[PDB]
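Chemist:
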Amino acid sequence: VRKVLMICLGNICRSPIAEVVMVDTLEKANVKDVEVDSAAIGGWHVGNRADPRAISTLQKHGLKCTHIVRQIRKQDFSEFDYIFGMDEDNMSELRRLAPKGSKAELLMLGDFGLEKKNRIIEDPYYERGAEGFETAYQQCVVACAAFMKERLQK
Numbered sequence: 002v003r004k005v006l007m008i009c010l011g012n013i014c015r016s017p018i019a020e021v022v023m024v025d026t027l028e029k030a031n032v033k034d035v036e037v038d039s040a041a042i043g044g045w046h047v048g049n050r051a052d053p054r055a056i057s058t059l060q061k062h063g064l065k066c067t068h069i070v071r072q073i074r075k076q077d078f079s080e081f082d083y084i085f086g087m088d089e090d091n092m093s094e095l096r097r098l099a100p101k102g103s104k105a106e107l108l109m110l111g112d113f114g115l116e117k118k119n120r121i122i123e124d125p126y127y128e129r130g131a132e133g134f135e136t137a138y139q140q141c142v143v144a145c146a147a148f149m150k151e152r153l154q155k
């Protein structure tokens, strides 16, 4: 099995969408030997569910989110083949957390598929509405497909 882990700062807005979109993306491609999970850098929301705006955004697109927030752990860097951050702050945090020489490949999700200017998946939490969740969703749809096609399907 190949294992993919989506990471964002709190695991209530961005990475649960990326996790759900990746699973949906694998399903449409009939790729069955890839497991997907998500987790948080920080611990504020551990035990909670995704942001209501993330849940509603996925529903809008016929997807469901039943994920429970957990925090990343060091053994993640030995269990997962691919660990994805959403933005450059994510990448810095993952770099400092990864045990040197651990097997996980650290990638930023938007380096796949998107144009350069659209590669950062921005934290939507502090906006009023859910527009920032929809754009994260659109980005994940493009990025996840491209990653799957290049790296997972060769």
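All residue numbers for the sequence shown refer to the entry's author numbering, where the first residue is 2 and numbers rise by one.
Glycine residues also receive a C-beta, built at the ideal position from the N, C-alpha and C atoms.
What separation, rounded to the nearest whole angstrom, lies between the Cα atoms of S79 and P100?
Modeler: Walking along the sequence shown from the start, residue 79 turns up at place 78. Walking along the sequence shown from the start, residue 100 turns up at place 99. So the alpha carbons of these two residues sit roughly 9 Å apart.
Chemist: Can you list the alpha helix (DSSP H) stretches of 4 or more residues lying completely in the segment 6-39, in chain order?
Modeler: Within the segment 6-39, the complete alpha helix (DSSP H) runs of at least 4 residues are 15-29.
Chemist: Taking only the alpha-carbon atoms, compute the straight-line gap between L59 and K104 and give it to the nearest angstrom.
Modeler: As a first step, residue 59 must be located in the sequence shown, where it is residue number 58. As a first step, residue 104 must be located in the sequence shown, where it is residue number 103. Cα-Cα distance, rounded: 31 Å.
Chemist: Since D38 contacts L10 with CB under 8 Å, what's their CB separation in whole angstroms?
Modeler: Residue 38 sits at position 37 when you count from the first residue of the sequence shown. Residue 10 sits at position 9 when you count from the first residue of the sequence shown. Not quite, the Cβ-Cβ distance comes to about 17 Å (not below 8 Å), so this is no contact.
Chemist: Pull up the distance between the alpha-carbon of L115 and that of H46, whole angstroms please.
Modeler: Here the question's residue 115 lines up with position 114 in the sequence shown. Here the question's residue 46 lines up with position 45 in the sequence shown. For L115 and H46, the distance between alpha carbons rounds to 29 Å.
Chemist: Please classify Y83: does DSSP put it in a helix, a strand, or coil?
Modeler: For the purposes of this step, residue 83 is taken as residue 82 along the sequence shown, with counting starting at 1. For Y83, the secondary structure class from DSSP, reduced to helix, strand or coil, is strand.
Chemist: For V21, which residues of its own chain have a beta-carbon under 8 Å away from its beta-carbon, when the five flanking residues on both sides are left out?
Modeler: For the purposes of this step, residue 21 is taken as the residue at position 20 of the sequence shown. If we look at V21 and ignore the five residues flanking it on each side, its Cβ neighbours are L59, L64, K65, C66 and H68.
Chemist: Could you tell me whether the segment 13-33 touches the segment 78-95, where touching means 3 or more Cβ pairs closer than 8 Å?
Modeler: In this structure the segment 13-33 lies against the segment 78-95, because at least three pairs of beta carbons, one per stretch, are closer than 8 Å.
Chemist: Along the chain, where does the alpha helix (DSSP H) that runs through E151 open and close?
Modeler: Position 150 of the sequence shown, counting from 1, holds the residue named residue 151. Note, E151: premise wrong, no alpha helix (DSSP H); not H, not E.
Chemist: Quick one: residues in its chain with C-beta nearer than 6 Å to the C-beta of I18, no 5 flanking neighbours on either side, listed in chain order?
Modeler: Indexing the sequence shown from 1 puts residue 18 at position 17. Around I18: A55, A137, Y138 and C141.
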